[PDB]
Amino acid sequence: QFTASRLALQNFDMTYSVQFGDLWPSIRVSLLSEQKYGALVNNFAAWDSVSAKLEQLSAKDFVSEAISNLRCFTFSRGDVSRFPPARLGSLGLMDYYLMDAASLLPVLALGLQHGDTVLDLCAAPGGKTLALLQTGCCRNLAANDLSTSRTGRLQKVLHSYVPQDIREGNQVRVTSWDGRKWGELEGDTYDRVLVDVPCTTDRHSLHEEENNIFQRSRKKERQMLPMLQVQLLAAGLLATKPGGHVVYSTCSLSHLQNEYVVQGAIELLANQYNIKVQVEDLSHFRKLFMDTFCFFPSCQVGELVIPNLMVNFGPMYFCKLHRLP
Amino acid sequence: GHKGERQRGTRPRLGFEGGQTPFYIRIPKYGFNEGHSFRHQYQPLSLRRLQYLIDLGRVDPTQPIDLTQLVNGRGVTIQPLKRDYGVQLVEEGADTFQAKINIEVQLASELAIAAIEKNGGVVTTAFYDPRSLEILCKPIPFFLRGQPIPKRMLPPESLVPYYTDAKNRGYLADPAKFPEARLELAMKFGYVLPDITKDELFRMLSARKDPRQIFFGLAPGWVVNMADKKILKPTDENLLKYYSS
Amino acid sequence: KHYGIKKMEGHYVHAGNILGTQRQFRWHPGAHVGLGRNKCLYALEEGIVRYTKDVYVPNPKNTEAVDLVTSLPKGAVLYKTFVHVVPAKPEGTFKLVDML
RNA sequence: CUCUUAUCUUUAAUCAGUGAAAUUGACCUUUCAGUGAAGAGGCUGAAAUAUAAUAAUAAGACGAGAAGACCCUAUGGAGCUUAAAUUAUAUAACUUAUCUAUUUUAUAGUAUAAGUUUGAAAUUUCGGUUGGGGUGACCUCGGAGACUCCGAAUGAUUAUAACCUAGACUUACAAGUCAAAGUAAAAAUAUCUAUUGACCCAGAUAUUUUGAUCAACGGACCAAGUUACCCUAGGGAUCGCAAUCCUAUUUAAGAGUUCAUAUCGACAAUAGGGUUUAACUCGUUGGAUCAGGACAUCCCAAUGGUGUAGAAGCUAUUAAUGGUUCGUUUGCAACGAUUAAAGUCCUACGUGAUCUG
RNA sequence: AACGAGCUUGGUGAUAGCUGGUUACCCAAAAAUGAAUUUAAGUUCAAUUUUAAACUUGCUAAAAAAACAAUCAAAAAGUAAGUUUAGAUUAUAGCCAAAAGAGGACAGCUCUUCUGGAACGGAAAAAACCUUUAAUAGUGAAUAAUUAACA
RNA sequence: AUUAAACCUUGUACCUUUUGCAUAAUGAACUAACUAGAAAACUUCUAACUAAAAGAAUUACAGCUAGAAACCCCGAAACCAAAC
Ligand SMILES: [Mg+2]
Ligand SMILES: [Mg+2]
Ligand SMILES: [Mg+2]
Ligand SMILES: [Mg+2]
Ligand SMILES: [Mg+2]
Ligand SMILES: [Mg+2]
Ligand SMILES: [Mg+2]
Ligand SMILES: [Mg+2]
Ligand SMILES: [Mg+2]
Ligand SMILES: [Mg+2]
Ligand SMILES: [Mg+2]
Ligand SMILES: [Mg+2]
Ligand SMILES: [Mg+2]
Ligand SMILES: [Mg+2]
Ligand SMILES: [Mg+2]
Ligand SMILES: [Mg+2]
Ligand SMILES: [Mg+2]
Ligand SMILES: [Mg+2]
Ligand SMILES: [Mg+2]
Ligand SMILES: [Mg+2]
Ligand SMILES: [Mg+2]
Ligand SMILES: [Mg+2]
Ligand SMILES: [Mg+2]
Ligand SMILES: [Mg+2]
Ligand SMILES: [Mg+2]
Ligand SMILES: [Mg+2]
Ligand SMILES: [Mg+2]
């Protein structure tokens with residue numbers, strides 16, 4: 001009787017509303033309202049062209065204000081304007097990629113540095129890959145995703161934006177294997193690892209009936225999500241090199257899926273494998289991004305981007321962990 | 001057999017393959033047979049049959065030949081009701097053909113003409129419309145009906161070029177151009193044109209019916225009385241105008 | 001689908017007869033045996049099919065084949081299975097068309 | 001009712017008259033064990049055995065009758081319900097016309113027609129696979145594994161890939177594959193991975209082409225529920241691993257132990273019972289009457305041993321002889337009073353042509 | 001005098017993939033596998049079978065050698081069938097034993113593959129196991145399985 | 001079989017039906033009468049004439065004409081029309 005969207009809304013009302021309380025009203029409507037898209041430049045030949053064109057549209061790069069290697073132009077605060085559809089460049093590469101501004105914070109937070117080897121577990125065509133590739137001036141990379149069709153388009157995206165010569169280099173490696181199994185394959189191999197675990201995708205779940213985690217048949221998967229998230233996060237912790245930095249990203253607002261998972265994983269690594277993780281604070285990063293992003297400090301760990309009516313770029317929960325040994 | 005549909009006497013129709021799209025209905029419609037009922041049929045005549053008929057005395061070569069005398073000698077069988085428009089001469093048997101005869105056939109061929117001409121004969125092509133052909137193949141009954149003889153309509157637009165062409169020996173073709181066309185064919189097949197005029201039976205060979213005549217010796221509009229053995233010709237000026245046309 | 005050796009040894013093979021169909025290069029083409037785009041093997045001349053194993057030397061241009069061949073040790077020599085069709089007819093004979 | 005009896009009428013039985021019905025393959029119509037489809041008067045192995053009537057009993061003849069019950073099937077129906085499909089001069093309405101009045105365009109109406117809007121109704125329909133039901137689902141193609149998993153109704157790259165024609169693969173049919181030669185453009189194969197949809201019929205053009213989650217994927221141009229008010233035609237029946245946790249016996253690493261004074265027990269091994277570990281409700285029978293048999297004995301009887309002094313017992317064997325209660329709450333589970341004991345089971349609830357809930 | 005929608009006549013010999021039935025002798029040959037289907041109580045095609053005709057190699061076997069106990073098969077030999085053409089159906093649910101896989105690299109159970117059978121004789125029972133080339137008259141005969149075991 | 005009607009020996013009614021099995025399940029008290037395969041496109045067989053055959057219109061690269069040779073019975077719930 002109830003559609004998956006109805007059930008998804010029901011869960012948030014009984015659980016999410018309690019967690020946020022008086023903040024829930026604005027967040028609830030925000031999710032129902034249309035999301036805000038931020039255009040990401042492809043650099044390359046169109047590097048200058050898009051920047052000049054985006055200035056004409058009045059969009060301003062929030063990253064540029066933060067500084068005052070990724071620049072993503074966004075509309076002004078409270079602006080509802082829609083970015084024009086992406087178009088191909090003169091060289092044959094798409095000028096810009098439309099994406100959620102919050103989705104780029106995990107990449108900017110991971111502290112990408114030159115001469116690094118990066119793994120992207122369960123990356124999928126989430127856009128972080130393309131953004132990360134543009135940051136990967138001198139950085140070998142690696143992509144992984146459980147499904148194939150989901151991964152199939154991911155390559156198409158790389159073809160459209162990434163030049164063939166860069167992709168030809170081993171730097172760009174695409175694979176489709178289980179993340180938990182991947183941990184054993186290459187232990188202590190990648191300095192920086194970005195892990196985007198499959199989440200309830202609250203915004204997508206409400207809007208989209210197709211492949212909605214809240215469908216009754218998929219009940220088994222939804223309950224087991226926290227366990228799967230821990231294992232995938234643990235696999236990344238195994239794979240990261242000594243002294244490496246890892247970022248764990250979750251779309252959902254759930255307290256269970258966001259804070260307990262990361263802290264529980266740290267405990268599991270400390271006990272079974274006798275490893276230590278150093279917590280990192282991004283409060284300074286929040287202060288710079290207050291204008292273009294709004295956060296709530298209740299979370300003990302992580303920096304969740306609450307979707308707001310003025311700034312509807314949520315939801316993104318990203319926490320950065322550094323491997324101590 | 002046992003108890004079942006086929007045994008109850010009530011099995012489905014032919015072409016029913018159980019419920020899947022039948023074979024005969026699932027093939028694209030194509031125009032193989034389109035317009036079949038209006039296509040023109042010519043019952044072909046070969047030169048072997050012509051010579052064979054002349055040999056056994058079932059055709060009189062001395063007299064002019066026409067569709068009536070082919071049917072009378074059972075040389076050919078014609079069905080006007082089945083779109084037959086006449087007899088087409090065919091090249092089969094040209095080598096064995098050594099007979100001089102004035103044959104009228106609705107369609108002719110290049111090589112068939114050579115056999116007739118080389119031996120010193122006249123070949124002409126004339127169009128008979130569906131009404132004219134029926135009377136030509138079967139004259140006697142028409143005379144029994146009591147109706148007057150009809151005019152023979154000219155060929156329709158499609159056939160006009162053929163029957164007005166000199167090389168095809170069309171009845172409506174220009175008489176002046178025949179000599180040249182015959183000579184060119186004579187050179188092509190390596191024989192010398194015979195002089196028909198010098199031949200004793202020039203009048204018979206040269207005989208050609210009027211384009212509006214079904215029978216050589218009978219004009220349109222006449223009536224034949226077999227019982228009294230007389231021919232009746234209308235004296236009315238109005239009817240004569242119509243028939244003369 | 002139904003991939004197999006259609007023509008066994010000792011079988012007469014006409015010009016266009018397809019010797020066999022393979023999903024992968026299990027049998028490599030031999031003398032007078034063309035190779036189709038779908039990798040099926042078809043004869044080119046009338047003959048008797050005979051299967052032999054011969055040293056496989058790849059074309060220089062393709063990188064993957066050359067690299068693998070180099071990787072082999074000096075002593076080792078690789079082999080592959082080939083399908084051959086020995087011609088069984090004379091291409092032509094001489095006859096006296098005319099005496100002039 | 002404990003607990004049944006007595007008399008009378010009816011019926012019955014006998015003599016006289018009259019004279020039905022269901023039913024009936026044929027019958028010269030037995031018992032037991034075996035076999036068999038919960039099945040044997042007739043088959044197999046024993047046994048029993050003069051022939052017929054009259055009156056009784058109801059165990060069997062899967063006893064005879066009924067339009068009764070139950071699960072399933074039919075491109076079988078019919079009633080009802082509409083959020084089913086297709087229509088819908090029932091009604092109502094309005095619009096333009098026709099048309100008659102009128103005023104210079106105008107507002108009136110309308111023996112009609114063409115539309116638009118409601119729908120009183122009419123017509124027709126109830127896909128398939130899931131051990132029944134609601135919910136999930138799945139239905140075609142191909143890849144991998146030996147039924148478990150992955151994908152698709154292809155996209156990118158493509159300095160663009162002709163025509164014609166030997167022989168073959170595959171295959172119910174239809175569809176789908178490879179290709180020499182010849183010939184022609186140009187200076188031979190598009191590139192992987194893999195990818196489907198017939199006929200009809202509508203579209204397009206200056207002679208070449210395009211039309212499907214027709215995905216129920218060999219495809220009806222377009223049709224849902226419901227029946228316990230139902231009906232007809234029939235068919236039916238009437239074991240695996242793991243992961244911990246408990247336990248039982250054998251282990252005992254240990255400690256132990258202290259004048260009718262002690263062991264317990266790590267860790268194992270083995271038997272059981274759960275749990276995590278893999279989609280979302282359930283399937284004849286009491287009682288009354290009469291009982292037949294089994295013994296795995298409840299009581300009576302005959303005995304062994306005893307941690308059997310006497311008295312109560314407990315354990316065991318032999319024995320199927322007769323016996324094995326009355327009620328209250330009432331759906332069978334308790335209870336109260338007794339008894340030498342208030343046995344456990346089989347006999348299609350043992351037994352409804354004996355009766356009843 | 002049986003109303004979820006009266007009764008009588010007519011349409012009407014309604015229709016029924018369903019149930020039942022379908023009347024002389026004799027001789028002969030003779031099978032429930034694949035595909036599609038509002039299909040699984042049906043039909044159509046393939047395969048099988050059959051009557052006739054045409055003319056020529058067929059079955060068992062088939063060394064070496066391949067592709068790996070089979071798929072293929074040459075000289076032979078034992079032997080008489082095989083191919084092509086024309087016509088035509090019914091059939092499309094098996095039953096049981098014995099072998100071998102494959103489902104949980106198990107037994108079983110459900111399937112799949114190969115083999116065999118359908119007594120009047122035998123095995124307490126007895127269509128399926130074992131002995132048995134057709135069917136005919138005789139007051140002939142030799143025999144098979146078996147008629148339990150003596151450990 | 002027999003000297004002998006019965007005793008002795010041998011023998012699981014019929015049809016339909018299920019798998020090619022019934023001690024099943026249907027149908028039959030018995031007698032008489034009645035009570036269910038029908039068509040010639042293609043094929044085969046037999047003749048007449050024969051590049052022609054046919055008693056008008058048809059077919060023909062040995063055909064054409066004529067003959068003989070073939071495809072059941074009973075039974076619903078219903079539906080519509082018009083009377084009563
Ligand atoms: Mg269909
Ligand atoms: Mg003719
Ligand atoms: Mg009496
Ligand atoms: Mg009496
Ligand atoms: Mg008696
Ligand atoms: Mg007796
Ligand atoms: Mg008895
Ligand atoms: Mg018995
Ligand atoms: Mg007996
Ligand atoms: Mg009785
Ligand atoms: Mg109907
Ligand atoms: Mg085909
Ligand atoms: Mg070529
Ligand atoms: Mg269907
Ligand atoms: Mg289908
Ligand atoms: Mg198919
Ligand atoms: Mg009720
Ligand atoms: Mg009621
Ligand atoms: Mg008793
Ligand atoms: Mg005892
Ligand atoms: Mg009582
Ligand atoms: Mg009884
Ligand atoms: Mg079979
Ligand atoms: Mg069906
Ligand atoms: Mg059927
Ligand atoms: Mg009866
Ligand atoms: Mg009938």
# chains A, B, ... in the order shown; residues from 1 in each chain; ligands from 1
>>> residues_near_ligand(ligand="ligand 14", cutoff="9 Å", atoms="only C-alpha atoms (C1' of nucleotides) and all ligand atoms", output="ChimeraX atom specification")
/D:127-128,139,216,219 /E:37-39
>>> residues_around(residues="residue A:54", least_positions_apart="4", cutoff="12 Å", atoms="only C-alpha atoms (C1' of nucleotides)", output="number ranges by chain")
A: 38-41, 46-50, 58-61, 71-75, 83-84, 86, 95-96
>>> select_by_dssp(residues="chain C", states="alpha helix (DSSP H)", output="VMD selection string")
chain C and resid 63 to 71
>>> write_last_selection(atoms="N, CA, C and O atoms", output="PDB file, in the first residue's frame")
ATOM      1  N   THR C  63      51.505  -5.447 -29.684  1.00  0.00           N
ATOM      2  CA  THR C  63      52.399  -5.384 -28.531  1.00  0.00           C
ATOM      3  C   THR C  63      52.207  -6.582 -27.608  1.00  0.00           C
ATOM      4  O   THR C  63      53.189  -7.176 -27.144  1.00  0.00           O
ATOM      5  N   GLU C  64      50.956  -6.951 -27.328  1.00  0.00           N
ATOM      6  CA  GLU C  64      50.702  -7.988 -26.333  1.00  0.00           C
ATOM      7  C   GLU C  64      51.346  -9.311 -26.734  1.00  0.00           C
ATOM      8  O   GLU C  64      51.965  -9.984 -25.901  1.00  0.00           O
ATOM      9  N   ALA C  65      51.215  -9.700 -28.003  1.00  0.00           N
ATOM     10  CA  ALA C  65      51.790 -10.967 -28.441  1.00  0.00           C
ATOM     11  C   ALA C  65      53.311 -10.938 -28.370  1.00  0.00           C
ATOM     12  O   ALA C  65      53.936 -11.910 -27.930  1.00  0.00           O
ATOM     13  N   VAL C  66      53.924  -9.833 -28.799  1.00  0.00           N
ATOM     14  CA  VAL C  66      55.381  -9.741 -28.784  1.00  0.00           C
ATOM     15  C   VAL C  66      55.906  -9.819 -27.356  1.00  0.00           C
ATOM     16  O   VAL C  66      56.882 -10.524 -27.075  1.00  0.00           O
ATOM     17  N   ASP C  67      55.268  -9.097 -26.432  1.00  0.00           N
ATOM     18  CA  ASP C  67      55.735  -9.094 -25.051  1.00  0.00           C
ATOM     19  C   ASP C  67      55.674 -10.491 -24.446  1.00  0.00           C
ATOM     20  O   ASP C  67      56.605 -10.917 -23.752  1.00  0.00           O
ATOM     21  N   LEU C  68      54.586 -11.221 -24.699  1.00  0.00           N
ATOM     22  CA  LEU C  68      54.471 -12.574 -24.167  1.00  0.00           C
ATOM     23  C   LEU C  68      55.559 -13.479 -24.731  1.00  0.00           C
ATOM     24  O   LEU C  68      56.166 -14.267 -23.995  1.00  0.00           O
ATOM     25  N   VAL C  69      55.829 -13.374 -26.034  1.00  0.00           N
ATOM     26  CA  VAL C  69      56.846 -14.221 -26.651  1.00  0.00           C
ATOM     27  C   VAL C  69      58.209 -13.948 -26.030  1.00  0.00           C
ATOM     28  O   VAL C  69      58.973 -14.877 -25.738  1.00  0.00           O
ATOM     29  N   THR C  70      58.537 -12.673 -25.818  1.00  0.00           N
ATOM     30  CA  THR C  70      59.808 -12.334 -25.189  1.00  0.00           C
ATOM     31  C   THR C  70      59.887 -12.898 -23.775  1.00  0.00           C
ATOM     32  O   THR C  70      60.947 -13.363 -23.342  1.00  0.00           O
ATOM     33  N   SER C  71      58.771 -12.867 -23.043  1.00  0.00           N
ATOM     34  CA  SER C  71      58.773 -13.347 -21.664  1.00  0.00           C
ATOM     35  C   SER C  71      59.143 -14.822 -21.575  1.00  0.00           C
ATOM     36  O   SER C  71      59.635 -15.273 -20.534  1.00  0.00           O
TER      37      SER C  71
END
>>> residues_near_ligand(ligand="ligand 26", cutoff="9 Å", atoms="only C-alpha atoms (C1' of nucleotides) and all ligand atoms", output="number ranges by chain")
D: 24-25; F: 27-29
>>> residues_near_ligand(ligand="ligand 6", cutoff="10 Å", atoms="only C-alpha atoms (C1' of nucleotides) and all ligand atoms", output="PyMOL selection string")
chain D and resi 28-30+49
>>> closest_residue(among="E:71, E:132, E:110, E:89", to="chain C", atoms="only C-alpha atoms (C1' of nucleotides)")
E:71
>>> residues_near_ligand(ligand="ligand 23", cutoff="9 Å", atoms="only C-alpha atoms (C1' of nucleotides) and all ligand atoms", output="list in words")
residues 32, 33 and 34 of chain E
>>> residues_near_ligand(ligand="ligand 11", cutoff="10 Å", atoms="only C-alpha atoms (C1' of nucleotides) and all ligand atoms", output="PyMOL selection string")
(chain D and resi 77+123-125) or (chain F and resi 78-79)
>>> interface_residues(of="chain B", to="chain E", cutoff="12 Å", atoms="only C-alpha atoms (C1' of nucleotides)", output="list in words")
residues 1, 2, 3, 4, 5, 6, 7, 8, 9, 10, 11, 12, 13, 14, 15, 16, 17, 18, 19, 20, 21, 22 and 23 of chain B
>>> write_last_selection(atoms="C-alpha atoms", output="PDB file, in the first residue's frame")
ATOM      1  CA  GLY B   1      -7.768 -42.050 -32.055  1.00  0.00           C
ATOM      2  CA  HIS B   2      -8.461 -41.378 -28.398  1.00  0.00           C
ATOM      3  CA  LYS B   3     -10.834 -38.783 -26.974  1.00  0.00           C
ATOM      4  CA  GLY B   4      -9.856 -35.267 -27.985  1.00  0.00           C
ATOM      5  CA  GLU B   5     -10.575 -32.334 -30.243  1.00  0.00           C
ATOM      6  CA  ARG B   6      -9.528 -34.034 -33.484  1.00  0.00           C
ATOM      7  CA  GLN B   7     -11.606 -37.055 -32.445  1.00  0.00           C
ATOM      8  CA  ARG B   8     -14.698 -34.988 -31.621  1.00  0.00           C
ATOM      9  CA  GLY B   9     -14.520 -33.746 -35.223  1.00  0.00           C
ATOM     10  CA  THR B  10     -13.896 -30.121 -34.224  1.00  0.00           C
ATOM     11  CA  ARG B  11     -10.204 -29.387 -34.761  1.00  0.00           C
ATOM     12  CA  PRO B  12      -9.185 -25.888 -35.912  1.00  0.00           C
ATOM     13  CA  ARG B  13      -8.880 -24.525 -39.449  1.00  0.00           C
ATOM     14  CA  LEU B  14      -5.993 -24.990 -41.857  1.00  0.00           C
ATOM     15  CA  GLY B  15      -3.035 -22.707 -41.259  1.00  0.00           C
ATOM     16  CA  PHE B  16      -3.772 -22.495 -37.523  1.00  0.00           C
ATOM     17  CA  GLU B  17      -0.533 -23.391 -35.723  1.00  0.00           C
ATOM     18  CA  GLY B  18      -1.926 -23.676 -32.187  1.00  0.00           C
ATOM     19  CA  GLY B  19      -2.039 -19.962 -31.394  1.00  0.00           C
ATOM     20  CA  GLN B  20       1.305 -18.554 -32.465  1.00  0.00           C
ATOM     21  CA  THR B  21       1.260 -16.202 -35.422  1.00  0.00           C
ATOM     22  CA  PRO B  22       0.698 -18.468 -38.452  1.00  0.00           C
ATOM     23  CA  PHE B  23       3.327 -18.872 -41.135  1.00  0.00           C
TER      24      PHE B  23
END
>>> residues_near_ligand(ligand="ligand 13", cutoff="7 Å", atoms="only C-alpha atoms (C1' of nucleotides) and all ligand atoms", output="PyMOL selection string")
chain D and resi 180-182
>>> residues_near_ligand(ligand="ligand 3", cutoff="9 Å", atoms="only C-alpha atoms (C1' of nucleotides) and all ligand atoms", output="ChimeraX atom specification")
/D:12-13,55
>>> residues_near_ligand(ligand="ligand 2", cutoff="10 Å", atoms="only C-alpha atoms (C1' of nucleotides) and all ligand atoms", output="VMD selection string")
(chain B and resid 41 to 44 76 to 84 86 to 87) or (chain F and resid 58 to 60)
>>> residues_near_ligand(ligand="ligand 12", cutoff="12 Å", atoms="only C-alpha atoms (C1' of nucleotides) and all ligand atoms", output="PDB file with N, CA, C and O atoms (P, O5', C5', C4', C3', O3' and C1' of nucleotides), in the first residue's frame")
ATOM      1  N   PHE B  23       2.274 -19.103 -40.153  1.00  0.00           N
ATOM      2  CA  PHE B  23       3.327 -18.872 -41.135  1.00  0.00           C
ATOM      3  C   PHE B  23       2.831 -18.029 -42.303  1.00  0.00           C
ATOM      4  O   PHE B  23       3.557 -17.159 -42.794  1.00  0.00           O
ATOM      5  N   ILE B  27       4.329 -13.323 -43.027  1.00  0.00           N
ATOM      6  CA  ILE B  27       5.276 -12.997 -44.090  1.00  0.00           C
ATOM      7  C   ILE B  27       4.800 -11.712 -44.757  1.00  0.00           C
ATOM      8  O   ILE B  27       3.591 -11.543 -44.968  1.00  0.00           O
TER       9      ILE B  27
ATOM     10  P     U D 170      25.361 -27.143 -37.454  1.00  0.00           P
ATOM     11  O5'   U D 170      24.292 -26.214 -36.729  1.00  0.00           O
ATOM     12  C5'   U D 170      24.700 -25.190 -35.834  1.00  0.00           C
ATOM     13  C4'   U D 170      23.607 -24.172 -35.630  1.00  0.00           C
ATOM     14  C3'   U D 170      22.207 -24.739 -35.457  1.00  0.00           C
ATOM     15  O3'   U D 170      21.955 -25.163 -34.129  1.00  0.00           O
ATOM     16  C1'   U D 170      22.161 -22.967 -37.028  1.00  0.00           C
ATOM     17  P     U D 171      20.842 -26.281 -33.830  1.00  0.00           P
ATOM     18  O5'   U D 171      19.537 -25.725 -34.551  1.00  0.00           O
ATOM     19  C5'   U D 171      18.723 -24.750 -33.918  1.00  0.00           C
ATOM     20  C4'   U D 171      17.504 -24.430 -34.739  1.00  0.00           C
ATOM     21  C3'   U D 171      16.637 -25.613 -35.138  1.00  0.00           C
ATOM     22  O3'   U D 171      15.831 -26.109 -34.073  1.00  0.00           O
ATOM     23  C1'   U D 171      17.014 -24.259 -37.028  1.00  0.00           C
ATOM     24  P     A D 172      14.222 -26.049 -34.082  1.00  0.00           P
ATOM     25  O5'   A D 172      13.798 -26.404 -35.576  1.00  0.00           O
ATOM     26  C5'   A D 172      13.649 -27.747 -36.013  1.00  0.00           C
ATOM     27  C4'   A D 172      12.329 -27.944 -36.712  1.00  0.00           C
ATOM     28  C3'   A D 172      11.898 -26.821 -37.646  1.00  0.00           C
ATOM     29  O3'   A D 172      12.464 -26.941 -38.942  1.00  0.00           O
ATOM     30  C1'   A D 172      10.099 -27.412 -36.216  1.00  0.00           C
ATOM     31  P     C D 173      12.929 -25.634 -39.752  1.00  0.00           P
ATOM     32  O5'   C D 173      11.627 -24.722 -39.803  1.00  0.00           O
ATOM     33  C5'   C D 173      10.622 -24.914 -40.787  1.00  0.00           C
ATOM     34  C4'   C D 173       9.482 -23.947 -40.584  1.00  0.00           C
ATOM     35  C3'   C D 173       9.850 -22.472 -40.679  1.00  0.00           C
ATOM     36  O3'   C D 173       9.830 -21.994 -42.014  1.00  0.00           O
ATOM     37  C1'   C D 173       8.618 -22.851 -38.695  1.00  0.00           C
ATOM     38  P     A D 174      10.987 -21.022 -42.553  1.00  0.00           P
ATOM     39  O5'   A D 174      10.812 -19.686 -41.702  1.00  0.00           O
ATOM     40  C5'   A D 174       9.672 -18.854 -41.870  1.00  0.00           C
ATOM     41  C4'   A D 174       9.567 -17.829 -40.769  1.00  0.00           C
ATOM     42  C3'   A D 174      10.810 -16.993 -40.510  1.00  0.00           C
ATOM     43  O3'   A D 174      10.973 -15.919 -41.416  1.00  0.00           O
ATOM     44  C1'   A D 174       9.996 -17.808 -38.463  1.00  0.00           C
ATOM     45  P     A D 175      12.443 -15.511 -41.912  1.00  0.00           P
ATOM     46  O5'   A D 175      13.206 -15.116 -40.574  1.00  0.00           O
ATOM     47  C5'   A D 175      12.903 -13.911 -39.891  1.00  0.00           C
ATOM     48  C4'   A D 175      13.564 -13.861 -38.538  1.00  0.00           C
ATOM     49  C3'   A D 175      15.069 -13.648 -38.538  1.00  0.00           C
ATOM     50  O3'   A D 175      15.443 -12.296 -38.735  1.00  0.00           O
ATOM     51  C1'   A D 175      14.539 -15.410 -37.071  1.00  0.00           C
ATOM     52  P     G D 176      16.824 -11.947 -39.477  1.00  0.00           P
ATOM     53  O5'   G D 176      17.934 -12.635 -38.565  1.00  0.00           O
ATOM     54  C5'   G D 176      18.151 -12.199 -37.232  1.00  0.00           C
ATOM     55  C4'   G D 176      19.161 -13.064 -36.521  1.00  0.00           C
ATOM     56  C3'   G D 176      20.570 -13.048 -37.090  1.00  0.00           C
ATOM     57  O3'   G D 176      21.316 -11.926 -36.656  1.00  0.00           O
ATOM     58  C1'   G D 176      19.903 -15.282 -36.677  1.00  0.00           C
TER      59        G D 176
END
>>> residues_near_ligand(ligand="ligand 4", cutoff="10 Å", atoms="only C-alpha atoms (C1' of nucleotides) and all ligand atoms", output="count of residues only")
6
>>> select_by_dssp(residues="stretch 51-167 of chain B", states="strand (DSSP E or B)", output="JSON, numbers by chain")
{"B": [65, 84, 85, 86, 88, 89, 103, 104, 107, 123, 124, 125]}
>>> decode(residues="stretch 28-38 of chain A", atoms="N, CA and C atoms", output="PDB file, in the first residue's frame")
ATOM      1  N   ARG A  28      13.214  19.088   6.949  1.00  0.00           N
ATOM      2  CA  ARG A  28      12.208  18.243   6.310  1.00  0.00           C
ATOM      3  C   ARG A  28      11.734  18.853   4.998  1.00  0.00           C
ATOM      4  N   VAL A  29      11.343  20.129   5.025  1.00  0.00           N
ATOM      5  CA  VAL A  29      10.901  20.792   3.803  1.00  0.00           C
ATOM      6  C   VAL A  29      12.050  20.891   2.806  1.00  0.00           C
ATOM      7  N   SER A  30      13.255  21.197   3.293  1.00  0.00           N
ATOM      8  CA  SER A  30      14.413  21.303   2.409  1.00  0.00           C
ATOM      9  C   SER A  30      14.557  20.057   1.543  1.00  0.00           C
ATOM     10  N   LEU A  31      14.455  18.876   2.156  1.00  0.00           N
ATOM     11  CA  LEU A  31      14.605  17.639   1.398  1.00  0.00           C
ATOM     12  C   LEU A  31      13.522  17.513   0.335  1.00  0.00           C
ATOM     13  N   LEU A  32      12.283  17.863   0.680  1.00  0.00           N
ATOM     14  CA  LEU A  32      11.201  17.797  -0.297  1.00  0.00           C
ATOM     15  C   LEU A  32      11.416  18.797  -1.426  1.00  0.00           C
ATOM     16  N   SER A  33      11.950  19.974  -1.111  1.00  0.00           N
ATOM     17  CA  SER A  33      12.169  20.992  -2.125  1.00  0.00           C
ATOM     18  C   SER A  33      13.280  20.568  -3.082  1.00  0.00           C
ATOM     19  N   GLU A  34      13.316  21.225  -4.238  1.00  0.00           N
ATOM     20  CA  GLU A  34      14.303  20.892  -5.256  1.00  0.00           C
ATOM     21  C   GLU A  34      15.709  21.191  -4.750  1.00  0.00           C
ATOM     22  N   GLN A  35      16.647  20.315  -5.097  1.00  0.00           N
ATOM     23  CA  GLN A  35      18.034  20.464  -4.690  1.00  0.00           C
ATOM     24  C   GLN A  35      18.719  21.546  -5.521  1.00  0.00           C
ATOM     25  N   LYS A  36      19.784  22.110  -4.961  1.00  0.00           N
ATOM     26  CA  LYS A  36      20.578  23.134  -5.630  1.00  0.00           C
ATOM     27  C   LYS A  36      21.822  22.495  -6.230  1.00  0.00           C
ATOM     28  N   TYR A  37      22.103  22.821  -7.489  1.00  0.00           N
ATOM     29  CA  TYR A  37      23.208  22.235  -8.236  1.00  0.00           C
ATOM     30  C   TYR A  37      24.331  23.253  -8.381  1.00  0.00           C
ATOM     31  N   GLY A  38      25.564  22.805  -8.154  1.00  0.00           N
ATOM     32  CA  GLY A  38      26.732  23.642  -8.348  1.00  0.00           C
ATOM     33  C   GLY A  38      27.620  23.133  -9.465  1.00  0.00           C
TER      34      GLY A  38
END
